[PDB]
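Residue numbers (PDB author numbering), protein chains in the order written: chain B, 969 to 1067, 1080 to 1130; chain C, 566 to 588, 632 to 794, 861 to 1067, 1080 to 1164, 1177 to 1210.
Reading through the structure tokens given below for one structure.
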Amino acid sequence: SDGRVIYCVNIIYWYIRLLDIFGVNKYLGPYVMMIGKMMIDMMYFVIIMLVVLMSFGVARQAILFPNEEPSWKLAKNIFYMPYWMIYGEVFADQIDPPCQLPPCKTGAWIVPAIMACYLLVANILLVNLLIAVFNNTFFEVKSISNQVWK
Amino acid sequence: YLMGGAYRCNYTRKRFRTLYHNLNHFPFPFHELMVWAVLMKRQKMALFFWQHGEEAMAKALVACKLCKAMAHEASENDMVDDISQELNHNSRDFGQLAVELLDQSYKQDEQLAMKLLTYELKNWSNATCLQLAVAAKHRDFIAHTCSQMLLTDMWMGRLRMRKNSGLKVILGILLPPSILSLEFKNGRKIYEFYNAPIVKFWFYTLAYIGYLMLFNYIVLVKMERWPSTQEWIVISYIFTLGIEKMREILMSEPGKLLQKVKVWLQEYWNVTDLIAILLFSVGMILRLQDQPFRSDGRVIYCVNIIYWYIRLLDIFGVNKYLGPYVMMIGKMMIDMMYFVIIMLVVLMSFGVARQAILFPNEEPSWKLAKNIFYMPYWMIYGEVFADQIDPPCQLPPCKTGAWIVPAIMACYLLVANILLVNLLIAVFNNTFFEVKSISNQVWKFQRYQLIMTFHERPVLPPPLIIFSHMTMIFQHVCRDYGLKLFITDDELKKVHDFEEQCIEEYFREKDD
Ligand SMILES: CCCCCCCC(=O)OC[C@H](COP(=O)(O)O[C@@H]1[C@H](O)[C@H](O)[C@@H](OP(=O)(O)O)[C@H](OP(=O)(O)O)[C@H]1O)OC(=O)CCCCCCC
Ligand SMILES: COCC(CCO[C@H]1CC[C@@]2(C)C(=CC[C@H]3[C@@H]4C[C@@H]5O[C@]6(CC[C@@H](C)CO6)[C@@H](C)[C@@H]5[C@@]4(C)CC[C@@H]32)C1)COC
Ligand SMILES: COCC(CCO[C@H]1CC[C@@]2(C)C(=CC[C@H]3[C@@H]4C[C@@H]5O[C@]6(CC[C@@H](C)CO6)[C@@H](C)[C@@H]5[C@@]4(C)CC[C@@H]32)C1)COC
Ligand code: NA
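Right, dumping it as structure tokens:
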């Protein structure tokens, strides 16, 4: 089973290596080089989003669940839900549940406000600024990629 | 009064007062003549006097600062407003002269250009050209290549590792035996290693990372009746940071207690740090109580961990590519907040309409103010539903006019997700070049303040800075480099000859 999992991980690289074959086409090589440079730009703009996501996740996890023993599942809830939240999977019962009715945690009304601010920052500010960065640095990258491919 | 707080003119010194009370000549007459021409607002005379005599760059920077101060004073006292424009033009002319002279000097000889920017000026209240340019807020001077190289040399300290820095500093600060395998510039090696600004910065950065780690640990796990070891370490970090802030307030430039506070509450980071420290103090006080106040203190701790996570961008602002991006974020925040008002108007209209249409038998309760903002705000972030909004009304009775909600939602989604956000994308796109250039210039200007404020700090980080605070009291009862550069008379003469050669070459090249 471990060797099969190694095979399943390894098939991804042999799928990605089709771009090397694609680099012979006149129009598909420069695009791949532009992708290669925009990857560096994307990482530089992804560090800040990681910081904001970690802040929001730690705040929500600490507010909602105040009686947790130290376990490695605490390191999973910080990254998982805030990362899936910014890709359109915004929920209203999974985060800030409607607390017959269960007791309401202390300070549980701050989570929707923090989520609102976090969504506004992540989906309206950083991604639009990254779009502007990709847009205003495209001509030089295109020319350099064409020259390098030729 | 026109120059600044720390400036001291030669006229008010005791030697000149004694020489003037019983009434000679001046060693440098063109300095006083140019100051007179600047104060009397005679630009042609000042330009003529600037190119005669020594210390041309210092004279240009001093004239720029004086003209800017006079322009501000004239605009303050409701002058004809043409005098202010003329003074601003004079300041711009002198600043451009200083920049061009610096460019010519750096293009001719680099080492003498760097020596020209750091040597102490006896005639100008003992201040270097860098301090004169910074006090005049001259961003095009500090952003020049020579100034940036000089700042890099000042930031590296007494080290020579330029091929790959950062990693070696970390490896020598985590393995103190690894320090001795480092090249230096012409027992004491450890002292020179631990007093460099970059080593202090990395020490502070590692301490802040550890503090953030402990702060994250103390809030996720269950909080007991009395603080654990990590909580005590976090409280000690906060207390020592507050003491350091008070020390920085007390050791400021002015001699008045209420004026140092006003000049310290200028950067927004200081104000936010003060607010966060007060909030953490309140939360710590409420934590050492019974269960509900303990829960309130824990909530305050969560808000504080939000702030202390956000404060990592200040640390990130040292990287060459991560600072200008943060400043661009700061300006695009203003643009986004300008568009948010229109977004909010549309959202409130849709929310009120839907809430009033669907539920017509509601008593006045504060939950009515929640259903207006909540659901329409989550709707534009991809959580569009069809049963929770406009429910399919065995089957429940249909409310009057319940068919208008899907049409209003369609129009609202079309306006919010296709029009306003695309217009905001266009606004961010078409105003990016100027913001990028301004952010680069501002970051290259603020590098000097970063280097100076890490040069003045103690060696030990805030977790264990309480030792460095105690030793200051012991020295209380009892700058070779980093700020200035003291030279003999022969080197001073050589620098003066180099500067006059540079200005003559500059004028000849301009005429040609
Ligand atoms: C807490 C994280 C904070 C990190 C950010 C806050 C601290 C921070 O800023 O780090 C960056 C720091 C400075 O960069 P560093 O000096 O080592 O090296 C620079 C880098 O090589 C650039 O590519 C060069 O620009 P260019 O293209 O050749 O022209 C630049 O040349 P120059 O022109 O300037 O001479 C080089 O200086 O070192 C790191 O890169 C990785 C450190 C890993 C530390 C992370 C592991 C703890
Ligand atoms: C299931 O049972 C597990 C048990 C062992 C439990 O040990 C615990 C020790 C503390 C530890 C390692 C654990 C979970 C959360 C862990 C946090 C996640 C935080 O993340 C980081 C995330 C990123 C950082 C920037 C911030 O902090 C840590 C400071 C933080 C962190 C790594 C502190 C360490 C915590 C596990 C098994 O043994 C019998
Ligand atoms: C749970 O029981 C609560 C009860 C007290 C009930 O008092 C009610 C008095 C009217 C009041 C304050 C209440 C709920 C909706 C409130 C509206 C929300 C609107 O929003 C605003 C939103 C933004 C504005 C631009 C438009 O209007 C208000 C005009 C509107 C507003 C603030 C008017 C005031 C309303 C509460 C407890 O006491 C025993
Ligand atoms: Na979506």
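All C-beta atoms, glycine included, are put in the ideal place defined by N, C-alpha and C.
Query raised in the report: Closest by CA to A751(C), which one among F1119(C), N1126(C), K1192(C)?
Result: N1126(C)
Query - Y566(C) (DSSP reduced to helix, strand or coil) - result: coil
Query raised in the report: Whose CB is closer than 6 Å to a heavy atom of ligand 2? List the residues in chain order.
Result: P1038(B), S1039(B), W1040(B), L1042(B), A1043(B), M887(C), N890(C), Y891(C)
Query raised in the report: How is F1184(C) classed by DSSP in three states: helix, strand or coil?
Result: coil
**Report entry** Sub-8 Å separation of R968(C) and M897(C) beta-carbons
**Finding:** yes
**Report entry** Under 7 Å (Cβ pairs) to chain C, residues found in the segment 1020-1052 of chain B
**Finding:** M1022, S1023, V1026, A1027, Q1029, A1030, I1031, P1034, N1035, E1036, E1037, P1038, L1042
Query raised in the report: Which two residues bound the contiguous alpha helix (DSSP H) that contains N993(B)?
Result: Run containing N993(B): none; DSSP gives neither H nor E here.
Query raised in the report: Is the CB-CB distance between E728(C) and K1208(C) below 8 Å?
Result: no
Requested in this report: Would you identify the three-state DSSP class for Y1179(C), choosing helix, strand or coil?
Outcome: coil
Query raised in the report: What does DSSP give as the partner residues of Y865(C) in its beta bridges?
Result: DSSP output for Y865(C) lists no bridge partner at all.
Query raised in the report: Could you give the distance in angstroms between the alpha-carbon of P784(C) and the alpha-carbon of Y868(C)?
Result: 10 Å
Query - Beta bridge counterpart(s) of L767(C) as assigned by DSSP - result: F792(C)
Query raised in the report: Quick one: is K896(C) near chain B, going by C-beta distance under 8 Å?
Result: yes
Query raised in the report: Quick one: Cα of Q756(C) to Cα of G1004(C), how far?
Result: 24 Å
Query raised in the report: Closest Cβ-Cβ distance between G1004(B) and chain C: below 8 Å?
Result: no
Query raised in the report: Does the Cβ of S1154(C) lie closer than 7 Å to at least one heavy atom of ligand 1?
Result: no
Query raised in the report: Would you call the CB atoms of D1061(B) and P1092(B) closer than 8 Å?
Result: no
Query raised in the report: Can you name the start and end residues of the alpha helix (DSSP H) that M1053(C) belongs to?
Result: 1048-1053
Requested in this report: Output the distance between the C-alpha atoms of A668(C) and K934(C), rounded to the nearest integer angstrom.
Outcome: 29 Å
Query - For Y727(C), the three-state DSSP class (helix, strand or coil) - result: strand
Query raised in the report: From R747(C), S713(C), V643(C), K874(C), pick the residue whose C-alpha is nearest to that of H1141(C); which is it?
Result: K874(C)
Requested in this report: Would you list, in sequence order, the uninterrupted beta strand (DSSP E) runs of no fewer than 3 residues that lie entirely inside the segment 881-934 of chain C?
Outcome: none
Query raised in the report: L1109(B) touches chain C at which residues, Cβ-Cβ below 7 Å?
Result: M1002, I1003, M1006, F1114
Query raised in the report: Can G1087(C) and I1046(C) be called in contact, C-beta distance under 8 Å?
Result: no
Query - Start-end ranges of the alpha helix (DSSP H) lying completely within the segment 1082-1118 of chain C, minimum 4 residues - result: 1090-1100, 1107-1116
**Report entry** Cβ pair count under 8 Å reaching 3, the segment 706-713 of chain C against the segment 658-676 of chain C
**Finding:** yes
Requested in this report: State the start and end residues of the unbroken alpha helix (DSSP H) segment that holds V1145(C).
Outcome: From DSSP, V1145(C) is part of no alpha helix (DSSP H); its letter is neither H nor E.
Report task. Could you name each continuous alpha helix (DSSP H) segment of 4 residues or more that falls completely within the segment 958-995 of chain C, going from the start of the chain to the end? Result -> 965-984, 986-990
Query - Closer than 8 Å to chain B by CB, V893(C) - result: yes
Query raised in the report: Does the beta-carbon of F792(C) have 16 or more other beta-carbons within 10 angstroms, so that it is buried, or is it exposed?
Result: exposed
Query - Under 7 Å from the C-beta of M1010(C): neighbouring residues of chain B - result: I1104, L1105
**Report entry** Contact list for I984(C) against chain B, beta-carbon separation under 9 Å
**Finding:** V1019, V1020, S1023
Report task. Give the range of the alpha helix (DSSP H) segment to which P637(C) is assigned. Result -> 637-647
Query raised in the report: Going along the chain, which residues of its own chain have a beta-carbon closer than 8 Å to the beta-carbon of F1184(C), five neighbours each way excluded?
Result: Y727, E728, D1178
**Report entry** Helix, strand or coil at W938(C) [DSSP, three-state]
**Finding:** helix
Requested in this report: Rank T946(C), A881(C), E1198(C), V908(C) by C-alpha distance to the C-alpha of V893(C) and give the top, closest one.
Outcome: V908(C)
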